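To be precise, the following lines are work.pdb, and they hold PDB, N, CA and C atoms.
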ATOM      1  N   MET H   1       0.823  -1.203   0.000
ATOM      2  CA  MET H   1       0.000   0.000   0.000
ATOM      3  C   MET H   1       0.860   1.258   0.000
ATOM      4  N   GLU H   2       1.953   1.220   0.757
ATOM      5  CA  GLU H   2       2.049   0.347   1.919
ATOM      6  C   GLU H   2       1.899   1.134   3.214
ATOM      7  N   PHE H   3       1.482   0.448   4.274
ATOM      8  CA  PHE H   3       0.988   1.116   5.472
ATOM      9  C   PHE H   3       1.957   0.947   6.635
ATOM     10  N   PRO H   4       2.684   2.013   6.951
ATOM     11  CA  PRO H   4       3.552   2.029   8.124
ATOM     12  C   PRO H   4       2.738   2.075   9.412
ATOM     13  N   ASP H   5       3.405   1.835  10.535
ATOM     14  CA  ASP H   5       2.821   2.100  11.844
ATOM     15  C   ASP H   5       3.671   3.084  12.637
ATOM     16  N   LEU H   6       3.372   4.371  12.489
ATOM     17  CA  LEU H   6       4.122   5.416  13.176
ATOM     18  C   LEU H   6       3.617   5.610  14.600
ATOM     19  N   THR H   7       4.547   5.782  15.534
ATOM     20  CA  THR H   7       4.195   6.042  16.925
ATOM     21  C   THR H   7       5.121   7.083  17.541
ATOM     22  N   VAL H   8       4.624   7.789  18.550
ATOM     23  CA  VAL H   8       5.399   8.829  19.215
ATOM     24  C   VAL H   8       5.315   8.695  20.730
ATOM     25  N   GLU H   9       6.313   9.231  21.423
ATOM     26  CA  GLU H   9       6.360   9.164  22.879
ATOM     27  C   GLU H   9       6.853  10.475  23.477
ATOM     28  N   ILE H  10       6.194  10.919  24.541
ATOM     29  CA  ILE H  10       6.640  12.091  25.285
ATOM     30  C   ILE H  10       7.233  11.694  26.630
ATOM     31  N   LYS H  11       8.444  12.166  26.899
ATOM     32  CA  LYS H  11       9.112  11.888  28.165
ATOM     33  C   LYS H  11       9.767  13.143  28.729
ATOM     34  N   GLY H  12       9.813  13.237  30.052
ATOM     35  CA  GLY H  12      10.418  14.384  30.720
ATOM     36  C   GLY H  12       9.901  14.529  32.145
ATOM     37  N   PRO H  13      10.187  15.671  32.760
ATOM     38  CA  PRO H  13       9.768  15.929  34.133
ATOM     39  C   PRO H  13       8.253  16.054  34.230
ATOM     40  N   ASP H  14       7.689  15.531  35.313
ATOM     41  CA  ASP H  14       6.245  15.540  35.505
ATOM     42  C   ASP H  14       5.791  16.807  36.219
ATOM     43  N   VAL H  15       6.588  17.255  37.184
ATOM     44  CA  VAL H  15       6.308  18.497  37.893
ATOM     45  C   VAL H  15       7.448  19.494  37.730
ATOM     46  N   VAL H  16       7.105  20.721  37.352
ATOM     47  CA  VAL H  16       8.099  21.769  37.157
ATOM     48  C   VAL H  16       7.717  23.038  37.908
ATOM     49  N   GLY H  17       8.723  23.813  38.299
ATOM     50  CA  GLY H  17       8.490  25.079  38.987
ATOM     51  C   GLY H  17       8.138  26.184  37.999
ATOM     52  N   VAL H  18       7.515  27.244  38.504
ATOM     53  CA  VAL H  18       7.082  28.351  37.660
ATOM     54  C   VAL H  18       8.259  29.235  37.264
ATOM     55  N   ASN H  19       8.245  29.709  36.023
ATOM     56  CA  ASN H  19       9.321  30.549  35.510
ATOM     57  C   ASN H  19      10.646  29.796  35.493
ATOM     58  N   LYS H  20      10.570  28.478  35.357
ATOM     59  CA  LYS H  20      11.764  27.645  35.273
ATOM     60  C   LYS H  20      11.771  26.816  33.994
ATOM     61  N   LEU H  21      12.958  26.616  33.432
ATOM     62  CA  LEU H  21      13.092  25.955  32.139
ATOM     63  C   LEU H  21      13.175  24.443  32.300
ATOM     64  N   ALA H  22      12.336  23.727  31.560
ATOM     65  CA  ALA H  22      12.347  22.269  31.583
ATOM     66  C   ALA H  22      12.566  21.699  30.188
ATOM     67  N   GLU H  23      13.280  20.581  30.117
ATOM     68  CA  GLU H  23      13.552  19.925  28.844
ATOM     69  C   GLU H  23      12.669  18.697  28.658
ATOM     70  N   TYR H  24      12.106  18.556  27.463
ATOM     71  CA  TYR H  24      11.298  17.388  27.132
ATOM     72  C   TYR H  24      11.742  16.767  25.813
ATOM     73  N   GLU H  25      11.433  15.487  25.634
ATOM     74  CA  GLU H  25      11.879  14.750  24.458
ATOM     75  C   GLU H  25      10.722  14.005  23.805
ATOM     76  N   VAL H  26      10.711  13.989  22.475
ATOM     77  CA  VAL H  26       9.744  13.193  21.727
ATOM     78  C   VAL H  26      10.428  12.052  20.988
ATOM     79  N   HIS H  27      10.013  10.825  21.292
ATOM     80  CA  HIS H  27      10.607   9.641  20.680
ATOM     81  C   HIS H  27       9.700   9.068  19.599
ATOM     82  N   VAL H  28      10.105   9.238  18.344
ATOM     83  CA  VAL H  28       9.262   8.872  17.212
ATOM     84  C   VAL H  28       9.924   7.799  16.356
ATOM     85  N   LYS H  29       9.175   6.745  16.052
ATOM     86  CA  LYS H  29       9.740   5.564  15.410
ATOM     87  C   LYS H  29       8.766   4.964  14.405
ATOM     88  N   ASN H  30       9.304   4.248  13.422
ATOM     89  CA  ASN H  30       8.482   3.521  12.464
ATOM     90  C   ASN H  30       8.367   2.049  12.842
ATOM     91  N   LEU H  31       7.166   1.498  12.699
ATOM     92  CA  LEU H  31       6.908   0.115  13.080
ATOM     93  C   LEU H  31       6.114  -0.615  12.003
ATOM     94  N   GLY H  32       6.427  -0.323  10.746
ATOM     95  CA  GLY H  32       5.714  -0.917   9.621
ATOM     96  C   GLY H  32       6.674  -1.317   8.508
ATOM     97  N   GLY H  33       7.970  -1.241   8.796
ATOM     98  CA  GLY H  33       8.988  -1.752   7.888
ATOM     99  C   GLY H  33       8.974  -0.998   6.565
ATOM    100  N   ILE H  34       8.369   0.186   6.569
ATOM    101  CA  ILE H  34       8.445   1.090   5.429
ATOM    102  C   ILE H  34       8.701   2.524   5.879
ATOM    103  N   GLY H  35       9.552   3.227   5.143
ATOM    104  CA  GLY H  35       9.975   4.568   5.530
ATOM    105  C   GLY H  35       9.012   5.623   5.004
ATOM    106  N   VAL H  36       8.760   6.643   5.815
ATOM    107  CA  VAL H  36       7.964   7.788   5.385
ATOM    108  C   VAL H  36       8.790   9.067   5.388
ATOM    109  N   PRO H  37       8.921   9.683   4.220
ATOM    110  CA  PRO H  37       9.701  10.907   4.084
ATOM    111  C   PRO H  37       8.907  12.121   4.549
ATOM    112  N   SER H  38       7.587  11.973   4.604
ATOM    113  CA  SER H  38       6.695  13.111   4.795
ATOM    114  C   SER H  38       6.379  13.323   6.268
ATOM    115  N   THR H  39       7.135  12.654   7.133
ATOM    116  CA  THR H  39       6.712  12.436   8.511
ATOM    117  C   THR H  39       6.873  13.702   9.344
ATOM    118  N   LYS H  40       5.749  14.305   9.717
ATOM    119  CA  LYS H  40       5.764  15.537  10.496
ATOM    120  C   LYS H  40       5.279  15.294  11.919
ATOM    121  N   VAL H  41       6.077  15.724  12.891
ATOM    122  CA  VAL H  41       5.745  15.525  14.298
ATOM    123  C   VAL H  41       5.523  16.859  15.004
ATOM    124  N   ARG H  42       4.371  16.992  15.651
ATOM    125  CA  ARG H  42       3.964  18.264  16.237
ATOM    126  C   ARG H  42       3.596  18.102  17.705
ATOM    127  N   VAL H  43       3.756  19.176  18.472
ATOM    128  CA  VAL H  43       3.466  19.147  19.901
ATOM    129  C   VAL H  43       2.554  20.301  20.300
ATOM    130  N   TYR H  44       1.506  19.985  21.055
ATOM    131  CA  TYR H  44       0.552  20.995  21.500
ATOM    132  C   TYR H  44       0.497  21.067  23.020
ATOM    133  N   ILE H  45       0.282  22.268  23.542
ATOM    134  CA  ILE H  45       0.031  22.452  24.968
ATOM    135  C   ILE H  45      -1.347  23.052  25.211
ATOM    136  N   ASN H  46      -2.218  22.281  25.852
ATOM    137  CA  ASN H  46      -3.584  22.720  26.112
ATOM    138  C   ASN H  46      -4.273  23.167  24.830
ATOM    139  N   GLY H  47      -4.045  22.425  23.752
ATOM    140  CA  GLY H  47      -4.778  22.632  22.510
ATOM    141  C   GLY H  47      -4.013  23.545  21.561
ATOM    142  N   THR H  48      -3.065  24.298  22.109
ATOM    143  CA  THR H  48      -2.329  25.290  21.333
ATOM    144  C   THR H  48      -0.989  24.738  20.864
ATOM    145  N   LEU H  49      -0.647  25.019  19.613
ATOM    146  CA  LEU H  49       0.600  24.530  19.032
ATOM    147  C   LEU H  49       1.807  25.206  19.671
ATOM    148  N   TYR H  50       2.693  24.400  20.246
ATOM    149  CA  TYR H  50       3.893  24.916  20.890
ATOM    150  C   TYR H  50       5.093  24.853  19.952
ATOM    151  N   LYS H  51       5.193  23.764  19.203
ATOM    152  CA  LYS H  51       6.366  23.509  18.375
ATOM    153  C   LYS H  51       6.090  22.418  17.347
ATOM    154  N   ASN H  52       6.880  22.406  16.280
ATOM    155  CA  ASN H  52       6.730  21.408  15.227
ATOM    156  C   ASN H  52       8.083  20.987  14.668
ATOM    157  N   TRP H  53       8.148  19.766  14.146
ATOM    158  CA  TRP H  53       9.329  19.303  13.429
ATOM    159  C   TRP H  53       8.942  18.526  12.176
ATOM    160  N   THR H  54       9.713  18.707  11.110
ATOM    161  CA  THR H  54       9.614  17.849   9.938
ATOM    162  C   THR H  54      10.815  16.917   9.833
ATOM    163  N   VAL H  55      10.546  15.616   9.792
ATOM    164  CA  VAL H  55      11.605  14.617   9.731
ATOM    165  C   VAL H  55      11.240  13.484   8.780
ATOM    166  N   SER H  56      12.224  12.652   8.453
ATOM    167  CA  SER H  56      11.977  11.438   7.686
ATOM    168  C   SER H  56      12.362  10.197   8.482
ATOM    169  N   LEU H  57      11.569   9.139   8.337
ATOM    170  CA  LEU H  57      11.822   7.891   9.047
ATOM    171  C   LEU H  57      11.873   6.711   8.085
ATOM    172  N   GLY H  58      12.922   5.903   8.205
ATOM    173  CA  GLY H  58      13.025   4.666   7.441
ATOM    174  C   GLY H  58      12.338   3.513   8.161
ATOM    175  N   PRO H  59      12.375   2.334   7.548
ATOM    176  CA  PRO H  59      11.826   1.132   8.166
ATOM    177  C   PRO H  59      12.433   0.895   9.543
ATOM    178  N   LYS H  60      11.583   0.882  10.564
ATOM    179  CA  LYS H  60      12.026   0.613  11.927
ATOM    180  C   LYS H  60      13.132   1.575  12.346
ATOM    181  N   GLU H  61      13.036   2.816  11.880
ATOM    182  CA  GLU H  61      13.965   3.862  12.292
ATOM    183  C   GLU H  61      13.344   4.767  13.347
ATOM    184  N   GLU H  62      14.163   5.225  14.286
ATOM    185  CA  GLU H  62      13.695   6.109  15.347
ATOM    186  C   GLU H  62      14.471   7.420  15.355
ATOM    187  N   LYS H  63      13.766   8.518  15.599
ATOM    188  CA  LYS H  63      14.403   9.824  15.733
ATOM    189  C   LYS H  63      13.984  10.510  17.027
ATOM    190  N   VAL H  64      14.894  11.293  17.596
ATOM    191  CA  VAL H  64      14.644  11.958  18.870
ATOM    192  C   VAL H  64      14.526  13.466  18.690
ATOM    193  N   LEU H  65      13.365  14.007  19.043
ATOM    194  CA  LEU H  65      13.163  15.452  19.044
ATOM    195  C   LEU H  65      13.222  16.016  20.458
ATOM    196  N   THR H  66      13.798  17.204  20.591
ATOM    197  CA  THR H  66      13.866  17.883  21.881
ATOM    198  C   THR H  66      13.210  19.257  21.815
ATOM    199  N   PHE H  67      12.714  19.724  22.956
ATOM    200  CA  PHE H  67      12.307  21.118  23.100
ATOM    201  C   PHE H  67      12.392  21.568  24.552
ATOM    202  N   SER H  68      12.533  22.874  24.752
ATOM    203  CA  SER H  68      12.670  23.434  26.091
ATOM    204  C   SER H  68      11.580  24.461  26.375
ATOM    205  N   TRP H  69      10.889  24.288  27.495
ATOM    206  CA  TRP H  69       9.682  25.055  27.776
ATOM    207  C   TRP H  69       9.720  25.645  29.180
ATOM    208  N   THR H  70       9.416  26.935  29.282
ATOM    209  CA  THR H  70       9.253  27.584  30.576
ATOM    210  C   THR H  70       7.813  28.034  30.789
ATOM    211  N   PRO H  71       7.089  27.309  31.633
ATOM    212  CA  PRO H  71       5.750  27.716  32.041
ATOM    213  C   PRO H  71       5.804  28.868  33.036
ATOM    214  N   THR H  72       5.216  29.998  32.657
ATOM    215  CA  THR H  72       5.289  31.209  33.467
ATOM    216  C   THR H  72       4.071  31.341  34.372
ATOM    217  N   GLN H  73       3.057  30.524  34.112
ATOM    218  CA  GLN H  73       1.845  30.527  34.923
ATOM    219  C   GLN H  73       1.640  29.185  35.615
ATOM    220  N   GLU H  74       1.236  29.234  36.880
ATOM    221  CA  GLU H  74       0.955  28.023  37.643
ATOM    222  C   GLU H  74      -0.382  27.418  37.238
ATOM    223  N   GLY H  75      -0.429  26.091  37.170
ATOM    224  CA  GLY H  75      -1.632  25.388  36.743
ATOM    225  C   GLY H  75      -1.294  24.028  36.146
ATOM    226  N   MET H  76      -2.324  23.256  35.817
ATOM    227  CA  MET H  76      -2.142  21.977  35.145
ATOM    228  C   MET H  76      -2.065  22.155  33.634
ATOM    229  N   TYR H  77      -1.037  21.573  33.025
ATOM    230  CA  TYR H  77      -0.864  21.642  31.579
ATOM    231  C   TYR H  77      -0.864  20.251  30.959
ATOM    232  N   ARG H  78      -1.608  20.093  29.871
ATOM    233  CA  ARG H  78      -1.633  18.836  29.134
ATOM    234  C   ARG H  78      -0.864  18.949  27.824
ATOM    235  N   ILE H  79       0.184  18.145  27.688
ATOM    236  CA  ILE H  79       1.024  18.175  26.498
ATOM    237  C   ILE H  79       0.758  16.973  25.603
ATOM    238  N   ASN H  80       0.400  17.241  24.352
ATOM    239  CA  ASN H  80       0.127  16.181  23.390
ATOM    240  C   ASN H  80       1.088  16.247  22.209
ATOM    241  N   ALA H  81       1.451  15.083  21.682
ATOM    242  CA  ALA H  81       2.236  15.009  20.456
ATOM    243  C   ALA H  81       1.557  14.126  19.418
ATOM    244  N   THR H  82       1.608  14.550  18.160
ATOM    245  CA  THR H  82       1.054  13.767  17.062
ATOM    246  C   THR H  82       2.042  13.658  15.908
ATOM    247  N   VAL H  83       1.924  12.585  15.134
ATOM    248  CA  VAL H  83       2.667  12.456  13.888
ATOM    249  C   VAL H  83       1.729  12.228  12.710
ATOM    250  N   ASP H  84       2.060  12.831  11.571
ATOM    251  CA  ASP H  84       1.177  12.814  10.411
ATOM    252  C   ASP H  84      -0.205  13.350  10.762
ATOM    253  N   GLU H  85      -0.236  14.511  11.408
ATOM    254  CA  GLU H  85      -1.495  15.159  11.756
ATOM    255  C   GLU H  85      -2.352  15.398  10.520
ATOM    256  N   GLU H  86      -1.706  15.775   9.421
ATOM    257  CA  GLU H  86      -2.417  16.157   8.207
ATOM    258  C   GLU H  86      -2.947  14.932   7.472
ATOM    259  N   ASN H  87      -2.598  13.751   7.970
ATOM    260  CA  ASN H  87      -3.078  12.502   7.391
ATOM    261  C   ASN H  87      -2.649  12.371   5.936
ATOM    262  N   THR H  88      -1.341  12.408   5.704
ATOM    263  CA  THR H  88      -0.795  12.237   4.364
ATOM    264  C   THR H  88      -0.411  10.786   4.105
ATOM    265  N   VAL H  89      -0.212  10.032   5.182
ATOM    266  CA  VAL H  89       0.038   8.598   5.077
ATOM    267  C   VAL H  89      -1.009   7.801   5.843
ATOM    268  N   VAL H  90      -1.532   6.758   5.210
ATOM    269  CA  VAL H  90      -2.471   5.856   5.864
ATOM    270  C   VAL H  90      -1.743   4.718   6.567
ATOM    271  N   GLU H  91      -1.973   4.589   7.868
ATOM    272  CA  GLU H  91      -1.189   3.685   8.701
ATOM    273  C   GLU H  91      -1.958   2.407   9.005
ATOM    274  N   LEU H  92      -1.271   1.432   9.590
ATOM    275  CA  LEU H  92      -1.923   0.228  10.090
ATOM    276  C   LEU H  92      -2.702   0.515  11.367
ATOM    277  N   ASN H  93      -2.253   1.517  12.116
ATOM    278  CA  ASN H  93      -2.997   2.003  13.272
ATOM    279  C   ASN H  93      -3.097   3.523  13.265
ATOM    280  N   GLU H  94      -4.220   4.041  13.748
ATOM    281  CA  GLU H  94      -4.462   5.478  13.750
ATOM    282  C   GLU H  94      -4.473   6.032  15.168
ATOM    283  N   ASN H  95      -4.697   5.154  16.140
ATOM    284  CA  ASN H  95      -4.660   5.540  17.546
ATOM    285  C   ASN H  95      -3.283   5.293  18.148
ATOM    286  N   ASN H  96      -2.378   4.745  17.344
ATOM    287  CA  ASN H  96      -1.065   4.344  17.830
ATOM    288  C   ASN H  96       0.000   5.362  17.438
ATOM    289  N   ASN H  97      -0.436   6.580  17.137
ATOM    290  CA  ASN H  97       0.473   7.629  16.689
ATOM    291  C   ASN H  97       0.217   8.933  17.435
ATOM    292  N   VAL H  98      -0.334   8.821  18.638
ATOM    293  CA  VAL H  98      -0.511   9.978  19.510
ATOM    294  C   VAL H  98       0.039   9.705  20.905
ATOM    295  N   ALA H  99       0.633  10.727  21.511
ATOM    296  CA  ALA H  99       1.167  10.610  22.863
ATOM    297  C   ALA H  99       0.633  11.717  23.763
ATOM    298  N   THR H 100       0.161  11.337  24.943
ATOM    299  CA  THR H 100      -0.372  12.297  25.903
ATOM    300  C   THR H 100       0.453  12.312  27.184
ATOM    301  N   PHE H 101       0.908  13.498  27.574
ATOM    302  CA  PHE H 101       1.754  13.642  28.752
ATOM    303  C   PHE H 101       1.265  14.777  29.644
ATOM    304  N   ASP H 102       1.116  14.486  30.932
ATOM    305  CA  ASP H 102       0.535  15.440  31.871
ATOM    306  C   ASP H 102       1.616  16.149  32.676
ATOM    307  N   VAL H 103       1.551  17.476  32.705
ATOM    308  CA  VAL H 103       2.515  18.275  33.452
ATOM    309  C   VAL H 103       1.824  19.130  34.504
ATOM    310  N   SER H 104       2.393  19.159  35.704
ATOM    311  CA  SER H 104       1.952  20.084  36.742
ATOM    312  C   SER H 104       2.961  21.204  36.945
ATOM    313  N   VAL H 105       2.500  22.443  36.798
ATOM    314  CA  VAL H 105       3.340  23.608  37.047
ATOM    315  C   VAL H 105       3.012  24.247  38.389
ATOM    316  N   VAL H 106       4.036  24.437  39.216
ATOM    317  CA  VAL H 106       3.850  24.989  40.550
ATOM    318  C   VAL H 106       4.690  26.246  40.748
ATOM    319  N   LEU H 107       4.308  27.056  41.730
ATOM    320  CA  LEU H 107       5.029  28.287  42.030
ATOM    321  C   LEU H 107       6.245  28.014  42.908
ATOM    322  N   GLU H 108       6.583  26.738  43.062
ATOM    323  CA  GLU H 108       7.673  26.335  43.943
ATOM    324  C   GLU H 108       9.013  26.393  43.219
TER     325      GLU H 108
END

Please lay out the structure from this file as C-alpha cells.
Amino acid sequence: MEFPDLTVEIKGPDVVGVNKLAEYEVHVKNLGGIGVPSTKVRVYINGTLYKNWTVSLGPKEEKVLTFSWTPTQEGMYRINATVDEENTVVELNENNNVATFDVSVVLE
C-alpha cells in the first residue's frame, strides 16, 4: 500500500516550577517496515501549538526530538504530540500515533 505504523512518545519531568526551564523529548519511530519521508511531528500544549518538526523515518527507524519550555503561569498543563497530523500517510494504526503527557506547574 504500503501502510507504516508510526508512533510517538513524550518523556520528561512531571512536575516543574514556575518561571523555570524544563527539557522534554519526543521519541518517534516507524513500526511498519516502510519509511515515510513526509513524517511531520507536532506538539501541542492545552490545545495550542507549541512547536513542530519535519523529519523522515526509514523502516524501523527512530528519531529523537527535543524542546525546552518555561511555564510562566501556575496550573495543570496537558502536552500532546502527534505524527502525520495532516493525514498524508495511511497507517496500520491510527490511535497508535498519539502521545499524551501530563505536566503540573507549581510556584515552587

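For the choices H:73, H:7, H:104, H:49, the atom-to-atom distance to residue 32 (chain H) is smallest for H:7 when using all atoms listed in the file.
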
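Straight-line separation from CA of residue 38 (chain H) to CA of residue 84 (chain H): 7.9 Å.
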
Tell me which protein, DNA and RNA residues are within 8 Å of residue 89 (chain H), counting only N, CA and C atoms, leaving out same-chain ones fewer than 4 positions away, and put them as number ranges by chain. H: 2-4, 36, 38, 84-85

Restricting it to N, CA and C atoms, dump the selection as a compact mmCIF listing (two decimals), in the frame of the given file.
# COMPACT_ATOMS: atom_id res chain seq x y z
N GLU H 2 1.95 1.22 0.76
CA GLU H 2 2.05 0.35 1.92
C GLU H 2 1.90 1.13 3.21
N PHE H 3 1.48 0.45 4.27
CA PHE H 3 0.99 1.12 5.47
C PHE H 3 1.96 0.95 6.64
N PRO H 4 2.68 2.01 6.95
CA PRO H 4 3.55 2.03 8.12
C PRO H 4 2.74 2.08 9.41
N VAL H 36 8.76 6.64 5.82
CA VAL H 36 7.96 7.79 5.38
C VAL H 36 8.79 9.07 5.39
N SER H 38 7.59 11.97 4.60
CA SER H 38 6.70 13.11 4.80
C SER H 38 6.38 13.32 6.27
N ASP H 84 2.06 12.83 11.57
CA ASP H 84 1.18 12.81 10.41
C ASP H 84 -0.20 13.35 10.76
N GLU H 85 -0.24 14.51 11.41
CA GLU H 85 -1.50 15.16 11.76
C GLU H 85 -2.35 15.40 10.52

With distances taken over only C-alpha atoms, which of H:19, H:48, H:95, H:68 is nearest to residue 83 (chain H)?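 Among the listed residues, the smallest separation from residue 83 (chain H) belongs to H:95.
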
Which residue out of H:45, H:81, H:1, H:66 has the minimum interatomic distance to residue 97 (chain H) when all atoms listed in the file are used?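 Under the stated criterion, the closest residue is H:81.
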
Any idea what's packed within 6 Å of region 20-28 of chain H, counting all atoms listed in the file, ignoring anything in its chain fewer than 6 positions away? Could you give it as a list in words?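 The residues that qualify are residues 7, 8, 9, 10, 11, 12, 13, 61, 62, 63, 64, 65, 66, 67, 68, 69, 70 and 71 of chain H.
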
Go ahead and save the residues from that selection, with N, CA and C atoms, as a short mmCIF file (atom, residue, chain, number, x, y, z; two decimals), in the frame of the given file.
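See selection_20.cif below for the written result:
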data_model
loop_
_atom_site.label_atom_id
_atom_site.label_comp_id
_atom_site.auth_asym_id
_atom_site.auth_seq_id
_atom_site.Cartn_x
_atom_site.Cartn_y
_atom_site.Cartn_z
N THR H 7 4.55 5.78 15.53
CA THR H 7 4.20 6.04 16.92
C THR H 7 5.12 7.08 17.54
N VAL H 8 4.62 7.79 18.55
CA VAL H 8 5.40 8.83 19.22
C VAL H 8 5.32 8.70 20.73
N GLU H 9 6.31 9.23 21.42
CA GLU H 9 6.36 9.16 22.88
C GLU H 9 6.85 10.48 23.48
N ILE H 10 6.19 10.92 24.54
CA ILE H 10 6.64 12.09 25.28
C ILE H 10 7.23 11.69 26.63
N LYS H 11 8.44 12.17 26.90
CA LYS H 11 9.11 11.89 28.16
C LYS H 11 9.77 13.14 28.73
N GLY H 12 9.81 13.24 30.05
CA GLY H 12 10.42 14.38 30.72
C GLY H 12 9.90 14.53 32.15
N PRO H 13 10.19 15.67 32.76
CA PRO H 13 9.77 15.93 34.13
C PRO H 13 8.25 16.05 34.23
N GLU H 61 13.04 2.82 11.88
CA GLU H 61 13.96 3.86 12.29
C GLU H 61 13.34 4.77 13.35
N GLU H 62 14.16 5.22 14.29
CA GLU H 62 13.70 6.11 15.35
C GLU H 62 14.47 7.42 15.36
N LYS H 63 13.77 8.52 15.60
CA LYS H 63 14.40 9.82 15.73
C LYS H 63 13.98 10.51 17.03
N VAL H 64 14.89 11.29 17.60
CA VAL H 64 14.64 11.96 18.87
C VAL H 64 14.53 13.47 18.69
N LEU H 65 13.36 14.01 19.04
CA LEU H 65 13.16 15.45 19.04
C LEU H 65 13.22 16.02 20.46
N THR H 66 13.80 17.20 20.59
CA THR H 66 13.87 17.88 21.88
C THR H 66 13.21 19.26 21.82
N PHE H 67 12.71 19.72 22.96
CA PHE H 67 12.31 21.12 23.10
C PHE H 67 12.39 21.57 24.55
N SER H 68 12.53 22.87 24.75
CA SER H 68 12.67 23.43 26.09
C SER H 68 11.58 24.46 26.38
N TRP H 69 10.89 24.29 27.50
CA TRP H 69 9.68 25.06 27.78
C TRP H 69 9.72 25.64 29.18
N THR H 70 9.42 26.94 29.28
CA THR H 70 9.25 27.58 30.58
C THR H 70 7.81 28.03 30.79
N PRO H 71 7.09 27.31 31.63
CA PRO H 71 5.75 27.72 32.04
C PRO H 71 5.80 28.87 33.04
#

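With only N, CA and C atoms as the basis for measurement, H:60 is the residue among H:76, H:103, H:60, H:96 that approaches residue 33 (chain H) most closely.
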
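All residues within region 65-104 of chain H that the backbone DSSP calculation assigns to strand (DSSP E or B) are residues 65, 66, 67, 68, 69, 75, 76, 77, 78, 79, 80, 81, 82, 83, 98, 99, 100, 101, 102, 103 and 104 of chain H.
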
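Restricting the calculation to all atoms listed in the file, the smallest distance between residue 74 (chain H) and any of H:105, H:40, H:34, H:17 is found for H:105.
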
What would region 41-54 of chain H look like with N, CA, C and O atoms in place, written as a short mmCIF file (atom, residue, chain, number, x, y, z; two decimals), in the coordinates of the input?
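After the write, selection-v3.cif holds the following:
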data_model
loop_
_atom_site.label_atom_id
_atom_site.label_comp_id
_atom_site.auth_asym_id
_atom_site.auth_seq_id
_atom_site.Cartn_x
_atom_site.Cartn_y
_atom_site.Cartn_z
N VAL H 41 6.08 15.72 12.89
CA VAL H 41 5.74 15.52 14.30
C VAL H 41 5.52 16.86 15.00
O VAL H 41 6.37 17.74 14.96
N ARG H 42 4.37 16.99 15.65
CA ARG H 42 3.96 18.26 16.24
C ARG H 42 3.60 18.10 17.70
O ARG H 42 3.18 17.03 18.13
N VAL H 43 3.76 19.18 18.47
CA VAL H 43 3.47 19.15 19.90
C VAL H 43 2.55 20.30 20.30
O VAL H 43 2.79 21.45 19.93
N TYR H 44 1.51 19.98 21.06
CA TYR H 44 0.55 21.00 21.50
C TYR H 44 0.50 21.07 23.02
O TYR H 44 0.65 20.06 23.71
N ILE H 45 0.28 22.27 23.54
CA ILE H 45 0.03 22.45 24.97
C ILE H 45 -1.35 23.05 25.21
O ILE H 45 -1.62 24.19 24.83
N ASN H 46 -2.22 22.28 25.85
CA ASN H 46 -3.58 22.72 26.11
C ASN H 46 -4.27 23.17 24.83
O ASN H 46 -5.00 24.16 24.82
N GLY H 47 -4.04 22.42 23.75
CA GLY H 47 -4.78 22.63 22.51
C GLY H 47 -4.01 23.54 21.56
O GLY H 47 -4.27 23.57 20.36
N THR H 48 -3.06 24.30 22.11
CA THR H 48 -2.33 25.29 21.33
C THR H 48 -0.99 24.74 20.86
O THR H 48 -0.28 24.07 21.62
N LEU H 49 -0.65 25.02 19.61
CA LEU H 49 0.60 24.53 19.03
C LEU H 49 1.81 25.21 19.67
O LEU H 49 1.93 26.43 19.65
N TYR H 50 2.69 24.40 20.25
CA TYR H 50 3.89 24.92 20.89
C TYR H 50 5.09 24.85 19.95
O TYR H 50 5.91 25.78 19.91
N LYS H 51 5.19 23.76 19.20
CA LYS H 51 6.37 23.51 18.38
C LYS H 51 6.09 22.42 17.35
O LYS H 51 5.18 21.61 17.52
N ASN H 52 6.88 22.41 16.28
CA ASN H 52 6.73 21.41 15.23
C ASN H 52 8.08 20.99 14.67
O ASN H 52 9.05 21.75 14.71
N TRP H 53 8.15 19.77 14.15
CA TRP H 53 9.33 19.30 13.43
C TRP H 53 8.94 18.53 12.18
O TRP H 53 7.97 17.78 12.18
N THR H 54 9.71 18.71 11.11
CA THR H 54 9.61 17.85 9.94
C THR H 54 10.82 16.92 9.83
O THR H 54 11.96 17.37 9.79
#
